[PDB]
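The next block holds one structure in the form of structure tokens; read it before the comments.
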2 protein chains.
Amino acid sequence: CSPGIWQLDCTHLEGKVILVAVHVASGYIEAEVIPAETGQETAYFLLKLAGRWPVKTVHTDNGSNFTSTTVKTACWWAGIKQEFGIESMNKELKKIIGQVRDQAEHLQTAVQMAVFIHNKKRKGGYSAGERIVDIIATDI
Amino acid sequence: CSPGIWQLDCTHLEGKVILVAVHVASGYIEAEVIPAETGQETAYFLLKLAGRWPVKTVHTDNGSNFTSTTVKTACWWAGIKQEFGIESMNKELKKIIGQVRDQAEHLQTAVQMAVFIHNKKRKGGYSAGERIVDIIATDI
Ligand SMILES: [As]
Ligand SMILES: [As]
Ligand SMILES: [As]
Ligand SMILES: [As]
């Protein structure tokens with residue numbers, strides 16, 4: 001699929017919220033533990049993502065995630081569209097979080113350790129972190 | 001220079017702390033407004049950075065920035081070394097922040113807008129965001 005398509009959803013763990021972005025073409029992920037599910041936090045994450053990758057469109061599993069004017073303003077400013085109307089990651093990620101959870105005091109540390117492990121793991125046969133960079137560089 | 005060298009420093013603005021990472025070979029930046037200058041926040045940012053890019057070494061302008069065991073543990077786990085013993089960005093970035101500051105309520109929004117503007121600006125003649133991806137993909 002197109003190199004500009006992203007998936008953005010939130011999951012819950014230990015009473016906290018984890019924001020999870022997936023680059024659909026590569027399987028690369030970025031993730032953050034956020035205070036709670038707020039439009040303001042979603043908007044921040046979108047702006048950071050867009051300043052780093054060529055983000056064209058973002059899909060989500062919960063469309064109400066994007067209804068706040070803060071989110072719509074971020075998407076407007078960054079030139080991002082949404083699709084009005086991947087699972088192997090959110091499973092794998094929570095699996096990897098589980099494996100490393102006791103090795104870190106704060107969930108946020110375990111989450112970033114798990115993202116690192118996911119993006120560097122070679123499946124075949126590049127890693128997801130290698131694929132995204134190769135896909136983006138190629139499209140240039 | 002080598003594609004694995006990063007620069008990480010903190011600057012201050014409006015009573016808040018901005019963490020600024022620069023990919024030395026490309027001029028690409030990532031930045032975050034953080035509560036205050038804490039080892040814990042530095043460690044989080046390092047782990048996120050490392051899960052996304054092939055980070056080998058990080059330089060800083062304030063070596064005491066890296067003395068907390070939290071930071072040393074993050075660097076240990078991610079395989080990152082520091083150099084025991086770029087300015088055009090921190091100037092340009094605060095300049096760009098200034099230009100957009102009134103267009104956003106929170107400094108954190110202005111910071112991400114400024115990072116976006118910096119990484120997408122074409123100097124010549126790719127943008128910094130294009131250069132980093134091309135440098136990393138090539139080194140694969
Ligand atoms: As969400
Ligand atoms: As959007
Ligand atoms: As700092
Ligand atoms: As280090």
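Chain labels A, B, ... are given in the sequence in which chains occur in the structure tokens; within each chain residues are numbered consecutively from 1, and ligands are likewise numbered from 1 in the order shown.
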Please identify which residues in chain B DSSP calls helix (DSSP H, G or I) from the backbone, and express them as a PyMOL selection string. chain B and resi 39-52+63-66+69-78+87-103+107-120+128-139
Distance filter 10 Å, only C-alpha atoms, chain A against chain B, as a ChimeraX atom specification: /A:28-32,40,43-54,74,77-78,108-120,126,128-138,140
Could those selected residues go to a file with N, CA and C atoms, as a short mmCIF file (atom, residue, chain, number, x, y, z; two decimals), in the first residue's frame?
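So the final result, stored in again_39.cif, reads:
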data_model
loop_
_atom_site.label_atom_id
_atom_site.label_comp_id
_atom_site.auth_asym_id
_atom_site.auth_seq_id
_atom_site.Cartn_x
_atom_site.Cartn_y
_atom_site.Cartn_z
N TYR A 28 6.31 -0.79 10.96
CA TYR A 28 6.99 0.04 11.95
C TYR A 28 5.98 0.64 12.91
N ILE A 29 6.34 0.72 14.20
CA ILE A 29 5.45 1.34 15.17
C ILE A 29 6.17 2.43 15.95
N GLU A 30 5.38 3.41 16.38
CA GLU A 30 5.73 4.35 17.42
C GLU A 30 4.62 4.28 18.44
N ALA A 31 4.97 4.44 19.71
CA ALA A 31 3.99 4.29 20.78
C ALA A 31 4.40 5.19 21.92
N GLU A 32 3.41 5.62 22.71
CA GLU A 32 3.62 6.49 23.86
C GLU A 32 2.56 6.19 24.91
N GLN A 40 -6.11 16.42 23.05
CA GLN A 40 -4.88 17.20 23.06
C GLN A 40 -3.65 16.32 22.90
N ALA A 43 -3.46 15.06 19.31
CA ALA A 43 -2.98 16.12 18.43
C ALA A 43 -1.46 16.28 18.51
N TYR A 44 -0.89 16.26 19.73
CA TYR A 44 0.57 16.34 19.88
C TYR A 44 1.25 15.21 19.15
N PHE A 45 0.77 14.00 19.35
CA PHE A 45 1.40 12.85 18.74
C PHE A 45 1.34 12.94 17.21
N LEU A 46 0.20 13.40 16.68
CA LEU A 46 0.06 13.54 15.23
C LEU A 46 1.07 14.53 14.67
N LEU A 47 1.22 15.68 15.33
CA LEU A 47 2.18 16.68 14.87
C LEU A 47 3.62 16.17 14.91
N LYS A 48 3.99 15.47 15.99
CA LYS A 48 5.31 14.85 16.04
C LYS A 48 5.51 13.84 14.91
N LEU A 49 4.55 12.94 14.74
CA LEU A 49 4.63 11.96 13.67
C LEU A 49 4.83 12.63 12.32
N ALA A 50 4.03 13.66 12.04
CA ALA A 50 4.07 14.31 10.74
C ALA A 50 5.37 15.06 10.51
N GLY A 51 6.04 15.49 11.56
CA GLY A 51 7.27 16.22 11.33
C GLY A 51 8.43 15.34 11.02
N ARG A 52 8.20 14.05 11.13
CA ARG A 52 9.24 13.06 11.00
C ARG A 52 9.06 12.18 9.78
N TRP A 53 7.83 11.86 9.42
CA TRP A 53 7.52 11.01 8.28
C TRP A 53 6.59 11.75 7.33
N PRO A 54 6.51 11.31 6.06
CA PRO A 54 5.54 11.92 5.15
C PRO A 54 4.18 11.28 5.35
N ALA A 74 -4.73 20.09 14.22
CA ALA A 74 -3.43 19.49 13.94
C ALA A 74 -3.39 18.87 12.55
N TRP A 77 -3.32 21.56 9.90
CA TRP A 77 -2.06 22.27 9.77
C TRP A 77 -1.01 21.39 9.11
N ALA A 78 -0.97 20.10 9.47
CA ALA A 78 0.04 19.18 8.94
C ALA A 78 -0.35 18.61 7.57
N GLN A 108 5.98 3.06 30.87
CA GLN A 108 6.45 3.82 29.71
C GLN A 108 7.79 3.30 29.24
N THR A 109 8.63 2.88 30.18
CA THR A 109 9.91 2.29 29.82
C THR A 109 9.70 0.96 29.09
N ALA A 110 8.85 0.10 29.66
CA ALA A 110 8.54 -1.18 29.01
C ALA A 110 7.96 -0.98 27.61
N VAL A 111 7.11 0.03 27.44
CA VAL A 111 6.52 0.29 26.12
C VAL A 111 7.61 0.64 25.11
N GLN A 112 8.52 1.55 25.48
CA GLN A 112 9.56 1.90 24.52
C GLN A 112 10.52 0.74 24.28
N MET A 113 10.82 -0.05 25.32
CA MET A 113 11.62 -1.26 25.10
C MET A 113 10.93 -2.18 24.11
N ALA A 114 9.60 -2.32 24.23
CA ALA A 114 8.85 -3.19 23.34
C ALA A 114 8.81 -2.65 21.91
N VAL A 115 8.66 -1.33 21.74
CA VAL A 115 8.70 -0.75 20.40
C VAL A 115 10.06 -1.00 19.75
N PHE A 116 11.13 -0.75 20.50
CA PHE A 116 12.48 -1.04 20.03
C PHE A 116 12.61 -2.49 19.59
N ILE A 117 12.18 -3.42 20.44
CA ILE A 117 12.28 -4.83 20.10
C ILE A 117 11.48 -5.13 18.83
N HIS A 118 10.27 -4.57 18.72
CA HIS A 118 9.48 -4.85 17.53
C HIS A 118 10.14 -4.30 16.26
N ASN A 119 10.59 -3.04 16.28
CA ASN A 119 11.10 -2.45 15.04
C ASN A 119 12.45 -3.03 14.61
N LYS A 120 13.24 -3.60 15.53
CA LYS A 120 14.55 -4.13 15.15
C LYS A 120 14.53 -5.62 14.82
N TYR A 126 14.27 -7.95 6.19
CA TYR A 126 14.65 -6.81 7.00
C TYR A 126 13.74 -6.67 8.20
N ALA A 128 11.31 -4.17 10.64
CA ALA A 128 10.34 -3.11 10.36
C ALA A 128 11.00 -1.74 10.31
N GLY A 129 11.94 -1.46 11.21
CA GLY A 129 12.63 -0.18 11.17
C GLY A 129 13.44 0.01 9.90
N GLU A 130 14.01 -1.07 9.38
CA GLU A 130 14.71 -0.97 8.10
C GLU A 130 13.74 -0.78 6.95
N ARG A 131 12.61 -1.50 6.97
CA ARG A 131 11.66 -1.39 5.87
C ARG A 131 11.11 0.02 5.74
N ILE A 132 10.70 0.66 6.86
CA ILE A 132 10.06 1.97 6.71
C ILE A 132 11.02 2.95 6.07
N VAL A 133 12.28 2.95 6.51
CA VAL A 133 13.24 3.90 5.97
C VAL A 133 13.48 3.62 4.49
N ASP A 134 13.56 2.34 4.12
CA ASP A 134 13.77 1.99 2.72
C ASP A 134 12.57 2.39 1.87
N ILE A 135 11.35 2.19 2.39
CA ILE A 135 10.16 2.56 1.64
C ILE A 135 10.10 4.07 1.45
N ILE A 136 10.43 4.83 2.49
CA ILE A 136 10.31 6.28 2.39
C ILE A 136 11.39 6.83 1.47
N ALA A 137 12.64 6.41 1.69
CA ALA A 137 13.74 6.85 0.85
C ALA A 137 13.48 6.53 -0.61
N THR A 138 12.93 5.34 -0.90
CA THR A 138 12.64 4.96 -2.28
C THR A 138 11.62 5.90 -2.91
N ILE A 140 11.02 8.98 -2.29
CA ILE A 140 11.74 10.18 -2.70
C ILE A 140 12.32 9.95 -4.10
#
Could you give me the residues within 10 Å of ligand 3, counting only C-alpha atoms and all ligand atoms, as an MDAnalysis selection string? chainID B and resid 8:12 17:21 34 36:39 41:42 60:66
Counting only C-alpha atoms and all ligand atoms, closest pick from B:15, B:79, B:85, B:125 relative to ligand 4 is B:79
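The smallest atom-to-atom distance between ligand 4 and any of B:86, B:127, B:80, B:139, using only C-alpha atoms and all ligand atoms, is found for B:80.
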Same-sequence overlay, chain A on chain B, C-alpha least squares, as a PDB file with C-alpha atoms, in the first residue's frame:
ATOM      1  CA  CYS A   1      30.157  11.892   9.545  1.00  0.00           C
ATOM      2  CA  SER A   2      28.859   8.506  10.678  1.00  0.00           C
ATOM      3  CA  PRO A   3      25.080   7.975  10.405  1.00  0.00           C
ATOM      4  CA  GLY A   4      24.807   6.856  14.056  1.00  0.00           C
ATOM      5  CA  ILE A   5      25.939  10.093  15.747  1.00  0.00           C
ATOM      6  CA  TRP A   6      23.327  12.215  17.504  1.00  0.00           C
ATOM      7  CA  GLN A   7      23.448  15.428  19.535  1.00  0.00           C
ATOM      8  CA  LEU A   8      21.112  15.818  22.518  1.00  0.00           C
ATOM      9  CA  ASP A   9      20.736  19.012  24.586  1.00  0.00           C
ATOM     10  CA  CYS A  10      18.105  20.975  26.517  1.00  0.00           C
ATOM     11  CA  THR A  11      17.152  24.629  26.128  1.00  0.00           C
ATOM     12  CA  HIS A  12      14.753  26.744  28.137  1.00  0.00           C
ATOM     13  CA  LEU A  13      11.808  28.860  27.058  1.00  0.00           C
ATOM     14  CA  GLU A  14       8.782  30.314  28.877  1.00  0.00           C
ATOM     15  CA  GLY A  15       9.846  28.521  32.037  1.00  0.00           C
ATOM     16  CA  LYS A  16       9.735  25.126  30.334  1.00  0.00           C
ATOM     17  CA  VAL A  17      12.420  22.736  29.113  1.00  0.00           C
ATOM     18  CA  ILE A  18      12.780  21.683  25.466  1.00  0.00           C
ATOM     19  CA  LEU A  19      14.750  18.520  24.719  1.00  0.00           C
ATOM     20  CA  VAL A  20      16.376  18.733  21.270  1.00  0.00           C
ATOM     21  CA  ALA A  21      17.944  15.814  19.382  1.00  0.00           C
ATOM     22  CA  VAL A  22      19.912  16.454  16.169  1.00  0.00           C
ATOM     23  CA  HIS A  23      21.043  13.821  13.661  1.00  0.00           C
ATOM     24  CA  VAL A  24      24.465  15.341  12.963  1.00  0.00           C
ATOM     25  CA  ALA A  25      24.924  13.992   9.434  1.00  0.00           C
ATOM     26  CA  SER A  26      21.530  15.247   8.173  1.00  0.00           C
ATOM     27  CA  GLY A  27      20.365  18.141  10.373  1.00  0.00           C
ATOM     28  CA  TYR A  28      17.127  16.276  11.158  1.00  0.00           C
ATOM     29  CA  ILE A  29      15.709  17.146  14.578  1.00  0.00           C
ATOM     30  CA  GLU A  30      13.308  15.695  17.092  1.00  0.00           C
ATOM     31  CA  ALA A  31      12.246  17.817  20.035  1.00  0.00           C
ATOM     32  CA  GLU A  32       9.907  17.603  23.030  1.00  0.00           C
ATOM     33  CA  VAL A  33       8.757  19.966  25.780  1.00  0.00           C
ATOM     34  CA  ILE A  34       9.382  18.112  29.041  1.00  0.00           C
ATOM     35  CA  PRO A  35       8.208  18.951  32.605  1.00  0.00           C
ATOM     36  CA  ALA A  36      11.685  19.771  33.874  1.00  0.00           C
ATOM     37  CA  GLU A  37      15.250  18.648  33.227  1.00  0.00           C
ATOM     38  CA  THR A  38      15.155  15.149  34.696  1.00  0.00           C
ATOM     39  CA  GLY A  39      17.229  12.070  34.057  1.00  0.00           C
ATOM     40  CA  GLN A  40      13.982  10.130  33.769  1.00  0.00           C
ATOM     41  CA  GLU A  41      12.718  12.255  30.875  1.00  0.00           C
ATOM     42  CA  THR A  42      16.096  12.082  29.154  1.00  0.00           C
ATOM     43  CA  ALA A  43      16.062   8.296  29.465  1.00  0.00           C
ATOM     44  CA  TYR A  44      12.552   8.047  27.929  1.00  0.00           C
ATOM     45  CA  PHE A  45      13.530  10.212  24.999  1.00  0.00           C
ATOM     46  CA  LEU A  46      16.705   8.172  24.395  1.00  0.00           C
ATOM     47  CA  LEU A  47      14.777   4.890  24.327  1.00  0.00           C
ATOM     48  CA  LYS A  48      12.204   6.309  21.893  1.00  0.00           C
ATOM     49  CA  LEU A  49      14.934   7.698  19.650  1.00  0.00           C
ATOM     50  CA  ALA A  50      16.807   4.389  19.651  1.00  0.00           C
ATOM     51  CA  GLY A  51      13.744   2.378  18.736  1.00  0.00           C
ATOM     52  CA  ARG A  52      13.307   4.417  15.634  1.00  0.00           C
ATOM     53  CA  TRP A  53      16.816   5.148  14.338  1.00  0.00           C
ATOM     54  CA  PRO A  54      20.131   3.258  14.474  1.00  0.00           C
ATOM     55  CA  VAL A  55      21.601   5.363  17.285  1.00  0.00           C
ATOM     56  CA  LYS A  56      25.247   4.519  18.047  1.00  0.00           C
ATOM     57  CA  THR A  57      26.594   7.524  19.934  1.00  0.00           C
ATOM     58  CA  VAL A  58      25.092  10.645  21.494  1.00  0.00           C
ATOM     59  CA  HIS A  59      27.036  13.820  22.217  1.00  0.00           C
ATOM     60  CA  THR A  60      25.823  16.552  24.514  1.00  0.00           C
ATOM     61  CA  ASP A  61      26.907  20.029  25.582  1.00  0.00           C
ATOM     62  CA  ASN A  62      26.267  19.289  29.287  1.00  0.00           C
ATOM     63  CA  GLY A  63      27.848  15.996  30.320  1.00  0.00           C
ATOM     64  CA  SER A  64      26.133  16.053  33.691  1.00  0.00           C
ATOM     65  CA  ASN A  65      22.906  15.580  31.641  1.00  0.00           C
ATOM     66  CA  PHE A  66      23.800  11.871  31.434  1.00  0.00           C
ATOM     67  CA  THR A  67      24.978  11.067  34.957  1.00  0.00           C
ATOM     68  CA  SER A  68      21.763   9.568  36.394  1.00  0.00           C
ATOM     69  CA  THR A  69      21.544   5.789  36.638  1.00  0.00           C
ATOM     70  CA  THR A  70      18.234   5.995  34.757  1.00  0.00           C
ATOM     71  CA  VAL A  71      20.006   7.485  31.745  1.00  0.00           C
ATOM     72  CA  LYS A  72      22.949   5.097  31.992  1.00  0.00           C
ATOM     73  CA  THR A  73      20.552   2.145  32.179  1.00  0.00           C
ATOM     74  CA  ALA A  74      18.687   3.326  29.061  1.00  0.00           C
ATOM     75  CA  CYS A  75      21.956   3.715  27.141  1.00  0.00           C
ATOM     76  CA  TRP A  76      23.164   0.321  28.350  1.00  0.00           C
ATOM     77  CA  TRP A  77      19.956  -1.385  27.303  1.00  0.00           C
ATOM     78  CA  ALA A  78      19.757   0.310  23.880  1.00  0.00           C
ATOM     79  CA  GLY A  79      23.464  -0.148  23.151  1.00  0.00           C
ATOM     80  CA  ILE A  80      24.198   3.595  22.993  1.00  0.00           C
ATOM     81  CA  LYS A  81      27.588   5.108  23.800  1.00  0.00           C
ATOM     82  CA  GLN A  82      28.410   8.701  24.634  1.00  0.00           C
ATOM     83  CA  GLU A  83      31.390  10.810  23.599  1.00  0.00           C
ATOM     84  CA  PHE A  84      33.102  11.987  26.808  1.00  0.00           C
ATOM     85  CA  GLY A  85      34.310  15.452  25.784  1.00  0.00           C
ATOM     86  CA  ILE A  86      24.808  21.883  15.490  1.00  0.00           C
ATOM     87  CA  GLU A  87      24.522  25.387  16.932  1.00  0.00           C
ATOM     88  CA  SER A  88      22.839  26.550  13.715  1.00  0.00           C
ATOM     89  CA  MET A  89      19.864  24.346  14.661  1.00  0.00           C
ATOM     90  CA  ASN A  90      19.119  25.536  18.204  1.00  0.00           C
ATOM     91  CA  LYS A  91      19.224  29.074  16.832  1.00  0.00           C
ATOM     92  CA  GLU A  92      17.050  28.333  13.791  1.00  0.00           C
ATOM     93  CA  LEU A  93      14.639  26.277  15.909  1.00  0.00           C
ATOM     94  CA  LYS A  94      14.020  28.982  18.486  1.00  0.00           C
ATOM     95  CA  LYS A  95      13.701  31.354  15.541  1.00  0.00           C
ATOM     96  CA  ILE A  96      11.034  29.146  13.968  1.00  0.00           C
ATOM     97  CA  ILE A  97       9.297  28.686  17.326  1.00  0.00           C
ATOM     98  CA  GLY A  98       9.103  32.471  17.518  1.00  0.00           C
ATOM     99  CA  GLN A  99       7.482  32.768  14.090  1.00  0.00           C
ATOM    100  CA  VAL A 100       4.719  30.279  14.942  1.00  0.00           C
ATOM    101  CA  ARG A 101       4.322  30.869  18.694  1.00  0.00           C
ATOM    102  CA  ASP A 102       1.137  32.944  18.566  1.00  0.00           C
ATOM    103  CA  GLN A 103      -0.435  30.437  16.168  1.00  0.00           C
ATOM    104  CA  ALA A 104      -0.630  27.853  18.962  1.00  0.00           C
ATOM    105  CA  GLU A 105      -1.886  27.922  22.536  1.00  0.00           C
ATOM    106  CA  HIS A 106       0.738  25.639  24.087  1.00  0.00           C
ATOM    107  CA  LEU A 107       4.495  25.874  23.612  1.00  0.00           C
ATOM    108  CA  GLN A 108       4.540  22.130  22.886  1.00  0.00           C
ATOM    109  CA  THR A 109       2.399  22.697  19.807  1.00  0.00           C
ATOM    110  CA  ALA A 110       4.677  25.500  18.583  1.00  0.00           C
ATOM    111  CA  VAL A 111       7.726  23.267  19.154  1.00  0.00           C
ATOM    112  CA  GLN A 112       6.342  20.446  17.033  1.00  0.00           C
ATOM    113  CA  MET A 113       5.223  22.919  14.356  1.00  0.00           C
ATOM    114  CA  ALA A 114       8.785  24.272  14.339  1.00  0.00           C
ATOM    115  CA  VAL A 115      10.345  20.790  14.097  1.00  0.00           C
ATOM    116  CA  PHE A 116       8.025  20.005  11.177  1.00  0.00           C
ATOM    117  CA  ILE A 117       8.975  23.258   9.452  1.00  0.00           C
ATOM    118  CA  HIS A 118      12.676  22.607   9.986  1.00  0.00           C
ATOM    119  CA  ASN A 119      12.709  18.998   8.754  1.00  0.00           C
ATOM    120  CA  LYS A 120      10.608  19.692   5.619  1.00  0.00           C
ATOM    121  CA  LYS A 121      12.432  22.830   4.437  1.00  0.00           C
ATOM    122  CA  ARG A 122      14.440  22.238   1.275  1.00  0.00           C
ATOM    123  CA  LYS A 123      17.930  23.783   1.454  1.00  0.00           C
ATOM    124  CA  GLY A 124      19.197  23.802  -2.135  1.00  0.00           C
ATOM    125  CA  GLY A 125      18.769  20.035  -2.419  1.00  0.00           C
ATOM    126  CA  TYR A 126      16.697  17.823  -0.135  1.00  0.00           C
ATOM    127  CA  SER A 127      15.079  18.589   3.189  1.00  0.00           C
ATOM    128  CA  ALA A 128      16.582  17.378   6.446  1.00  0.00           C
ATOM    129  CA  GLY A 129      13.780  14.820   6.781  1.00  0.00           C
ATOM    130  CA  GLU A 130      14.603  13.483   3.331  1.00  0.00           C
ATOM    131  CA  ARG A 131      18.344  13.400   4.018  1.00  0.00           C
ATOM    132  CA  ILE A 132      18.137  11.363   7.237  1.00  0.00           C
ATOM    133  CA  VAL A 133      15.998   8.665   5.637  1.00  0.00           C
ATOM    134  CA  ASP A 134      18.271   8.516   2.596  1.00  0.00           C
ATOM    135  CA  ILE A 135      21.395   8.303   4.767  1.00  0.00           C
ATOM    136  CA  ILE A 136      19.948   5.535   6.922  1.00  0.00           C
ATOM    137  CA  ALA A 137      18.487   3.527   4.044  1.00  0.00           C
ATOM    138  CA  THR A 138      21.806   3.783   2.188  1.00  0.00           C
ATOM    139  CA  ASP A 139      23.798   2.483   5.171  1.00  0.00           C
ATOM    140  CA  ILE A 140      21.563  -0.593   5.192  1.00  0.00           C
TER     141      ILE A 140
END
Go through stretch 43-130 of chain A and collect every residue that DSSP, computed from the backbone, puts in strand (DSSP E); the answer should be as a CSV table (one decimal) with N, CA and C atoms, in the first residue's frame.
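Below you can see out35.csv, which holds the result:
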chain,number,residue,atom,x,y,z
A,57,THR,N,-2.3,10.0,5.2
A,57,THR,CA,-3.6,9.6,5.8
A,57,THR,C,-3.4,8.8,7.0
A,58,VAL,N,-4.4,8.9,8.0
A,58,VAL,CA,-4.4,8.2,9.2
A,58,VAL,C,-5.7,7.5,9.3
A,59,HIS,N,-5.7,6.2,9.5
A,59,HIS,CA,-6.9,5.4,9.8
A,59,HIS,C,-6.9,5.2,11.3
A,81,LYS,N,-5.0,13.8,6.1
A,81,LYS,CA,-6.4,13.4,6.0
A,81,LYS,C,-6.7,12.1,6.7
A,82,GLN,N,-8.0,11.9,7.0
A,82,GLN,CA,-8.4,10.6,7.6
A,82,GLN,C,-9.3,9.8,6.7
